[PDB]
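Trainee: Before I ask anything, here's the sequence and the deposited coordinates:
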Amino acid sequence: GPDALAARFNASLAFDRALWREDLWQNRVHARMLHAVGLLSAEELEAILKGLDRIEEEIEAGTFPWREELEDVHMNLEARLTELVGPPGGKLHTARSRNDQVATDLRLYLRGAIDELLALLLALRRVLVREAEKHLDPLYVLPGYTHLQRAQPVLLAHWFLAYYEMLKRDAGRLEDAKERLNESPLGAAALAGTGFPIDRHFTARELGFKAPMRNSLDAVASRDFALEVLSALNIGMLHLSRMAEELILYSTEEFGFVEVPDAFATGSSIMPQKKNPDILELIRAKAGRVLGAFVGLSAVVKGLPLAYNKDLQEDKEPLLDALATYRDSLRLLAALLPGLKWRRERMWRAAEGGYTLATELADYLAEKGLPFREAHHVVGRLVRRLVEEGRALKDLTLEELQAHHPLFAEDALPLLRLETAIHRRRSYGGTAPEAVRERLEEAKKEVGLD
Amino acid sequence: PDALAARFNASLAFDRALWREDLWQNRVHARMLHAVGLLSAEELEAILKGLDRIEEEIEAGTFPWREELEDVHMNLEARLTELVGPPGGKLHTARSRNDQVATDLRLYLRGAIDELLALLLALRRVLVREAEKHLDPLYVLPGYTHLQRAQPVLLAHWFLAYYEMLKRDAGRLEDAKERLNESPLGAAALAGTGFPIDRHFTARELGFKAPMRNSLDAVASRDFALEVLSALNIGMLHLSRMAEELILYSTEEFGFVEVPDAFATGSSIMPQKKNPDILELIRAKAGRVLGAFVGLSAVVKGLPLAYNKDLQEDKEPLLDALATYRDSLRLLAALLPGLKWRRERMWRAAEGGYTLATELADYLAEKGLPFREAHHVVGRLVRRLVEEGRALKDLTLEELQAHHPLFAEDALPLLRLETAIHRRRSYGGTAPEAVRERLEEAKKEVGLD
Amino acid sequence: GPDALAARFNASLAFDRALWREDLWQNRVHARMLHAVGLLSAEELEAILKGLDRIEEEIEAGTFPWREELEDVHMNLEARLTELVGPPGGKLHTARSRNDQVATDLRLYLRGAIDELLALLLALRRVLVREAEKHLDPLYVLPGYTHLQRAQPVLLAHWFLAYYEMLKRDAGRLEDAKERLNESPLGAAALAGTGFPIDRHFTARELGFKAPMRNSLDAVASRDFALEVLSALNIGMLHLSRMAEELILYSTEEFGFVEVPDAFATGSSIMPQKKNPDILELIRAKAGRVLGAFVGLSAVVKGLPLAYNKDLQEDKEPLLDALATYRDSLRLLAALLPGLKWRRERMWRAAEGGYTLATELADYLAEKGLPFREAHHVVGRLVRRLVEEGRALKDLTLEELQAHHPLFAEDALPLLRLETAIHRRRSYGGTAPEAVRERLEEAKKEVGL
Amino acid sequence: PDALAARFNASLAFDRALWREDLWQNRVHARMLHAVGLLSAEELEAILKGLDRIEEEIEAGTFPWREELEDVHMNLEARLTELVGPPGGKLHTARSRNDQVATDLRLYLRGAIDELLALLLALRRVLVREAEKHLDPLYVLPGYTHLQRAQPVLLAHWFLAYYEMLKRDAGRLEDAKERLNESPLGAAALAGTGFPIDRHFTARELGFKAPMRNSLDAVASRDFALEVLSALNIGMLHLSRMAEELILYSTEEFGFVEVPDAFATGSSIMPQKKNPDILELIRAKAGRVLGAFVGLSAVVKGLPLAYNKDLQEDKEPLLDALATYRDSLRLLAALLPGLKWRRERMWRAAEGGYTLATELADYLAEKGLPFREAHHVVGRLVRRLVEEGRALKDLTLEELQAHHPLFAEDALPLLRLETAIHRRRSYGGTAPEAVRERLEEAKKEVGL
Ligand SMILES: NC(=[NH2+])NCCC[C@H](N)C(=O)O
Ligand SMILES: NC(=[NH2+])NCCC[C@H](N)C(=O)O
Ligand SMILES: NC(=[NH2+])NCCC[C@H](N)C(=O)O
Ligand SMILES: NC(=[NH2+])NCCC[C@H](N)C(=O)O
C-alpha cells in the first residue's frame, strides 16, 4: 500500500468489466445522438463508431488492454478508443457523467440478465410439466407431508405442478421488476440535466428503454431496482431450496423415493448403495449468499443522502453474484430433474400406509350428516381395533363397516385401497388423477408443450 | 415446563389481528357449505346469527379470548359453538387450518396493501403541492454528490425525485397485491378434499381473483408474504433517504429547513438546537423491516413441502413491518407540509462563488471545444479568480472573452444563479422551464385542477 | 390524530417497561451517590429512597400508574416519585441525562439476562450429559450421517456430547460478551461529563460494574455490546436449530429413530402412527427472527454520527425478543430431551447396514501396508461380489478374506460385525465406547454431576 | 451440463487462498504418520521434499492448479504423487477432506485475526497520536445529539471514543481467535479412526491449544466462522460511524476538516469540492460484511449433523469480509494523520452564543437549586437575550445576580468557551484535564 491500496480499494474494473457490452452499446447510441444533435461531426462519429468495433473485437479476442490504473470499464473503453482514433475519442463522453452512465449500464445489464433468467425458468417449468406427465401414466403416488409427517396421499404429478405454480410466480416478479426498471437514466448527467442540446428520448428508444427517466436526481441516485431484482432472486432460490431439500430427503435410504443422476452426485467405492447429492446441497445452501446480497445493498442505501455517492458502487458485486447463482441453479435443476429415477412401489407403500386412507372414511360420514368431529372418533376406534387385531384397513368388509356405523354403504369400500381411494380428492386443485390431469393440460398449453 | 410449551406454540397473541378476515371467510365458507348441501338453511341462519354476536362481542371487548385454544381460528369456533350449539361444530367442515390460515393472511395483506396505497397516494400529493409552493417565488439549493456541493438544484426538482421513487413503490405494492390475490381456501390440508366443496364460490365471494390451482402450493407458499416485506423494505429505504436528508438540512451547519414543532423536540435554554426525533425514528426503522425480510427468508429456506409449523413465524414480522411503513407514511404526510425552508440561506449555498463555472465549460464544449479541454480552460480561469480573490459573477465580457475567443456575450448570463438555473433544461433537468412540465404532469396523475 | 400518532410512534414505554427494575436499582445507587457527594441531604436521600421502595411495590402489585403520556419508564418512575415524596423527588435526576441512564439500564438488564441464559445453558448441558450416559449402556448406536447419507456407525452418547461441545462454546460467547459490556456509562451525562462533583466510580462499583467507562462519548453512543450479545443468541439458536432438525427428522416414519414426548407434540383423531413435533419445528424456525434482529440493529448503527441519537431507541425491542426466544428455547429443550424414546433396534439396524462396516475393513489393509487407495478397490470388489452372492458383510469367512487378500488375518473378523466393530475408532474424540466413556466422565466432572 | 455442474461444485477458485495452511497441515500430518508408524522414514523424507517443491511452484506461478480436481486439497495431493511417486498417495492416510478443510479454515483465520489485531493496534496507535497532537493548541468542536450542537467537546476526546471502540473490537476478535484454536484434524470423516493416529501431536505443531473433543462437532462446526464474521461486522460498523462523521465534517457546511488529497477526488472547476471517496466506500462496505454474516447463518440453520456440502459456502464470505475489514483498517491509519482540522471554524461553531447556558443551570442546581428549576431559570435569561439581540459572553455579573441571587462571581468563567471548557472534569469527561489523563493511560496501553 497505501496509495496503491487506495487505488485498488477504489477500482471497480475487477467486476464492472462484466458490463463492457452494455457500455459499448450505450457508447454507440450516445455517440450517434451527439451527432444527430449537432455536437459531433459526421467525420467524428464515423471514427468513434469505427473505433468502437475494434474495441469489441479486441475484447472478444482477449486483446483489449484492460488497465486497472484506469479505474473502471468506462474510462477503459474510452482511453482505448482515443488510442485507436486520436482526437475523436475524446468527444464520446460529451454531455455525460459516469453517474448517468453507470445507472444506464446496470439497468441495461439487468434487463438482459432477467431475460436470460426468464428463459431459464421457462425451460424449468417445461421439465416440470413434462415430468408430471411422465409419472401420471403409470400412476405414481407418494405421501404428502405436514410437520414432515405423512398425511393424505399425493401424486408426483400434483407435486411437480406445485413447483410449477411457484416458479411461475417467480417469473412474474422478475418480469414486473424488469418492466419497472426499464427507464433510462442516460441524460441526467451528474444529477441535474444539462444545457447541452441532448435528446434523451432518442437514447431511450435505441437502447430498449420504454422511455427516459423523468427526474435527473432520482435517475442518478436510484438503486431500488437493484434491490427489487435481488429480492426476486432471493425468493426464487428459496423456492429452489425447498425442492433441493425434498429431493435430498427422498434421496435417503430412509425414504428411498428417488435416485439422483450420477452426473450430479458422488458415490463411494468400498460402499454399495451410497450416493451424495452435492449439487442439490449447494443449491439449497446458496440461498444464503443471495439473501446476503439483498441485506448488503439495503444497508448500503439506508440513510444515504441524495444523488450520486461512491457507496453506490457497492451495488454491482452483489448482483453479479446473485444472478450467477440463480442463473446456474436453474440450469442444473433442469438438467437433473428428468434424470431422476423414482422408485414407484416404495412410494406407493409409503403413501397408502396401514390406515392413512381412514381420513377418507371420516369425511364420508361427515358428508352424510355425521358431525365431522363426531365422525373422527367413531372412525378412530375402528382403526384402533384394527391395530388390536393386527389387520390393515384394506381388509375391512362392508358388513364389518356396516356394524361399525349405519351410514356406511357399498360405496365406502372403494375408499380402503389406495388404488381407488386417490380418485377421491377431485376438487379444483386436488391430487385426484382427474383434477391433476386437468391442470397438466393448462400447464401444457401455457408453456406450449402439448 | 408444561405451560411454557403452550405459550410458546400459542399464535393467538398476534393472530387476533386477522379476526375480521377470519370472521369474513367463515361467512363465505359457511354460505358455500349451504350452497353445496353440507349445511341446512336453518343451520346457516344460526351460524350467521352467532358470527354476528361474535363480531359484536369482539368489537365490544366482551368476546372471550382463550389462549388454551392456541389460535384465532379455534377461538372463534369455540365461541360460535358456545353460542349457536351443534351448528358450530359443522362450520369447519371440508376445511383445514392449513388452507384457512393461508386464506386469512393474504386476505389481510390485501386490505393492508390498500391502506398503504392510499397513504402513498396521499404522500405523493403533498410532495407535488410542496413542489408547486417552492416553485414560483423559486427555491434553489445545492445539488449534492459525495455530499459536496455539486450543481444548483431546484427544491421543486428535489420533491419530484421522491415523487418518482414513491411512485415506483406503489407499483411494487400493487403488483405484489395482484399476485397474492389467489384463494387457497378449499385446498384442505394439502391435497384437495372429497366433499363436494366449491372453491370458485368462495374465492369469488371473498374478493380473490380466482382459486389457486394447486393444493400443495396453496398451503405451503408464503412467497407473497416475502414479496410484500420486500416492497415495505424498499419503501422504508426510500423514506430513510428523505429523513436522513431532512435531519441534515436542519442542522445549524446546513440551516436549510426548519422542522415543525409538532414533530421535534428542543430545550428552553438553547433557542436553536431542534431535535428531529420523528425523522430519526423513521430512518432507524428501516432496520426492522430489513430484519423482518431476513427473518422470514430464513424461516422458509429448505422447508420440505406442505404445511409445517414453521410457517407460523410469518405473521409477527409482517404485522410489524406493515405497522412501521404505514405509521411512517402518515407522519411524513403530516410533517412535510409544515417545513420552513430558508430561501436565502439555500440560495447562497447553491451559488458558492464558482459552482457555475461548470456551465462555462459546457458552453465552450457546445461551441466546439473537445470538453476535457474546455474543462482545463475554465479551470485555469477559475484558479486565476481565486488568486485575485474574485467571485465568478464579477467577471466581465471582455476579460472572459479574453480568456478564450469562443466566449461571447451570450455566455455572460451564465455567471449568475438568477439566470443560470434556466440552463439545464434537458428532459428531467432542474431548469424551471422543465421542472414545470414534470410538475403539471405530476399534478394530473394525482389531482390538480 | 397527527399529534396523537407522533406521540405514539415515539413512545418507548411499551417496551422499556421491562427495565423498570434496572431503572429502579439505578435510581437508588445514583441517589445514594448524589447524597454522598452533597447534592442531596440525608432528609432528601431517605425521602427519595423510600419513594422508590413504594414504587417497586406499586409495580409488583399491578397498581403502578403506568402512564404513556410520560413517554418512557424513566419519567414514568420519576413522575411517580414526585407524587409520592414530593419536592425531593425532582432532584433524583440531577447530573444525569436520559442518555447515560437508558444505556446504563440496558447494559444492566442484559447482564442479568445473560446469567439466566447461562443457567439455562448450563442446565441444558447437564441434561445432554444425563442422556448420553443413559444411552451408553445399554449401548445405543445409530448411523453417523454425511450428506444426510449413512456414513459410519456412531453412538447416541457421541451425538449428545457433540451438542455438549456446541452449547459449551455458546455460553462462553455469552460470558465474554457480558464481561465486556460490564463497564458503567452512568455519569457520562448526555456526552462529556459534568461539572457536578459526581462519583462515577461509586455508582460503577455499587451497580456491579467492574468499572466505569473511560469515555463519555463512547459511553452514550455505543450499542456494540447489544450487537455482540445478539450474535451470541444467533449462533445459539442456530446450534439448537440443528438439533431440532435432526429430531424432527429422526422422528419421522421413515427414520423411526426416536419418538417425541406428547407434552411437546400433536396428533390426529383418526390416526395414531402420526405425531407432530410442533415445538421442535417452532424452535428451528425461530432461529430466523434472532438473525433478523441482529440485522435490524446492525443496520440502525451503520453510518450513525456520534453521541446519542433517537435512532438508539430501536435497540430494546430486538434484544427483548431474541433473548426471550433463546430463553424459552433453552427451557423447552431441556424439558423435552429427557422424555423422548430412542428406538434401540431400529437405530442399530440402520447403523450396521449391509456393508457399511466394510470401510473399517479397508483401513485394516491400509494400516497393514496397502496404499489407502488400492485397498478400496479390493474391499470394493469384495462388497460388489457380496451384493451379487446376495450376502451381508456379516458372512465373510476368515477363509474368503485371506483369499481376497493375504494381508487379512484372524484379527480382522471382529470388523465384520457392529457389536465388535464400534470399538474400532478409539482415537481421541472418536465413537468407540472406550473413548466416549472417557469424554462422558470428563464432561460430568465439568458440569458437576 | 457436465461442465456447469463441475464448475458449480468446484471450490478451487477461492479455497486455493488457503494453500499455505494446507501445505503446513500436510507436513504435520506426515510428520505424525511417520511417528505413529504409518510411513517409513524414506517415505516422509520424500513427501516433505515434495511439499517444498510445491511451495516453490505455487509461489512462482508454475504450480498447476486444476479445476477438475475440485479443491486445493486434491490439487496439492495430485501434484505430490506426480512429483514424488508412490509415497505421495499415503499422505492422506487416516484423514478425510472433512477434518482437513475444517482444520485449514481454522489455520487461516488465526493468522488472519492476528493480522487484524496488528492493524487495530496500528490504528488505535495513530488515534492516540492524533488526540495528543490536537490537545497542544487545543481543539474544540461541538458534541452532537440528534446531529444538533450539544455541549462543546475536545477533539482529543472525540478520538478517544473511537479508541475505546476499536479496543473492544480487538477484544471480540481476540476472544474469537482462541475459542477457535482447537484442532479438528483427526476427527476424520465424522468419527475417529482405528488407525494409531496421534491427535495431540498434530495440534501442537499446528499452533493449536489442543484437539477438539468430539469428532462429530469438529467436522460439522462453523460457529467459529459465524463468530469471526460477527466481530468483523461490528468492527466495520465502528469504522462506518467514524467514516460518516469525516464525510460530514468535511462538507462545505460543517467545514471542520479536510481529507488528504491521496484519499479524495476533486475538480479544478470547483476548487472547494473534495470528495471523500475512500471514506464513502469504507462506510458502504459495512453492508457486504453484514450480508456475509447473514448468508453463513442461513447456511447452517437446520443443517443436520456431520459434514454437508452446504458447509463449503463458508470460505467465500469470510475471505471477502476479512479483506474488507483488513483494507479498511489500513486506509484509515494512513488517512487520519493527513487530515487537517480547522481549529477555528470548529471552535467557533462549538460556542454558539448560548451553548454554555447549560453550564449556568448545572451551576444554580449545584448551588442548591433543584435542577428542574435551575434549567428553567436560565431559560428566561437566554430568552431575554435573544430578544435583546445579545450573546452570553456579554453577560455581566450584575445582570446575573439580577436574574438569580445564587449567581456568584465564580460563575463568570462559564460564559466563554475559553474558560468554561474546563467544567466537565469528571472521569471520562471532555474537560482537558480529564482527557489529558485518559490520553496518558492510552499512550501507556500502547506506546508513550
Ligand atoms: N464522481 C463520480 N460521479 N463518480 C462516478 C463513478 C461511478 C462508479 N464508476 C460506479 O461504477 O459506481
Ligand atoms: N397444524 C396445523 N395445521 N396448524 C395450523 C395453525 C397455523 C398457525 N395459526 C399459523 O398461522 O401458521
Ligand atoms: N433525547 C434523549 N436524550 N432521549 C433519551 C431517551 C432514549 C430512549 N428511551 C432510548 O431507549 O433510546
Ligand atoms: N464429501 C466430502 N467429504 N467433501 C469435502 C470437501 C469440502 C470442500 N472442499 C469445502 O471446502 O467445503
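Mentor: Looks like it came in fine. Numbering: from 1, shown residues only, chains lettered A, B, ... in the order given. Ligands and ions are numbered 1, 2, ... in the order given.
Trainee: and residue A:31, what helix or strand is that in?
Mentor: In this assignment (DSSP states H and E), residue A:31 forms part of helix A:20-36.
Trainee: so what secondary structure elements neighbour the helix or strand just after that helix?
Mentor: Using DSSP H and E, the helix or strand that follows helix A:20-36 in sequence is helix A:42-60. In this structure, helix A:42-60 packs against helix A:20-36, helix A:73-85, with contacts taken as 3 or more CB pairs under 8 Å, 6 or more residues apart in numbering or on different chains; DSSP states H and E. Where you see a C-beta, it was placed from the backbone N, CA and C, and this is true even at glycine.
Trainee: Of those, give the one that comes closest to residue A:435.
Mentor: Across those, residue A:435 has its closest neighbour in helix A:20-36 (46.5 Å, CB to CB).
Trainee: chain center to that closest one, what's the gap?
Mentor: Centroid separation for helix A:20-36 versus its chain: 31 Å, with CA atoms, centre = their mean, to the nearest Å.
Trainee: Keeping just the C-alphas, turn that helix into PDB.
Mentor: Extracted in PDB, the C-alpha atoms of helix A:20-36 (Å, rounded to 0.1, in the frame of the first residue of the first chain):
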ATOM      1  CA  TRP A  20     -18.500  -4.000 -21.200                       C
ATOM      2  CA  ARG A  21     -21.200  -4.900 -23.800                       C
ATOM      3  CA  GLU A  22     -23.700  -2.500 -22.200                       C
ATOM      4  CA  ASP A  23     -21.100   0.200 -22.100                       C
ATOM      5  CA  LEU A  24     -20.300  -0.400 -25.800                       C
ATOM      6  CA  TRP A  25     -24.000  -0.300 -26.800                       C
ATOM      7  CA  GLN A  26     -24.600   2.900 -24.800                       C
ATOM      8  CA  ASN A  27     -21.500   4.400 -26.400                       C
ATOM      9  CA  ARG A  28     -22.700   3.800 -30.000                       C
ATOM     10  CA  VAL A  29     -26.100   5.100 -29.200                       C
ATOM     11  CA  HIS A  30     -24.900   8.100 -27.200                       C
ATOM     12  CA  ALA A  31     -22.300   8.900 -29.800                       C
ATOM     13  CA  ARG A  32     -25.000   8.700 -32.600                       C
ATOM     14  CA  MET A  33     -27.100  11.100 -30.600                       C
ATOM     15  CA  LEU A  34     -24.300  13.600 -30.200                       C
ATOM     16  CA  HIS A  35     -24.200  13.600 -33.900                       C
ATOM     17  CA  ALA A  36     -28.000  13.900 -34.600                       C
END
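Trainee: how about that helix, does it reach chain B?
Mentor: No - remark: helix A:20-36 sits outside contact range of chain B, by CB under 8 Å from any CB of the partner chain, the gap being at least 10.4 Å.
Trainee: So which elements touch that helix?
Mentor: helix A:42-60, helix A:73-85, helix A:98-134, helix A:200-206.
Trainee: Show residues contacting that helix.
Mentor: Under the contact criterion CB atoms under 8 Å, 6 or more residues apart in numbering or on different chains, helix A:20-36 has outside partners A:40-42, A:44-45, A:48-49, A:52, A:55-56, A:59, A:73-74, A:77, A:81, A:91-92, A:94-96, A:101, A:104-106, A:108-109, A:112, A:186, A:198-199, A:202-203, A:206-207.
Trainee: circling back to that earlier point, indicate which one of the helices and strands packed on helix A:42-60 is closest to residue A:180.
Mentor: Closest among the helices and strands packed on helix A:42-60, using CB to CB: helix A:20-36, at 18.3 Å.
Trainee: The closest one vs helix A:73-85, what angle?
Mentor: Here helix A:20-36 runs at an angle of 60 degrees relative to helix A:73-85 (axes from the mean of the first three to the mean of the last three CA atoms, to 10 degrees).
Trainee: tell me the angle helix A:20-36 makes with helix A:98-134.
Mentor: Using the same axes, to 10 degrees: helix A:20-36 against helix A:98-134 is 130 degrees.
Trainee: Identify the residue nearest residue A:231 in space, chain neighbours excluded?
Mentor: Ranked by CB to CB, 6 or more residues apart in numbering or on different chains and with sequence neighbours excluded, the top spatial neighbour of residue A:231 is residue B:230, at 3.8 Å.
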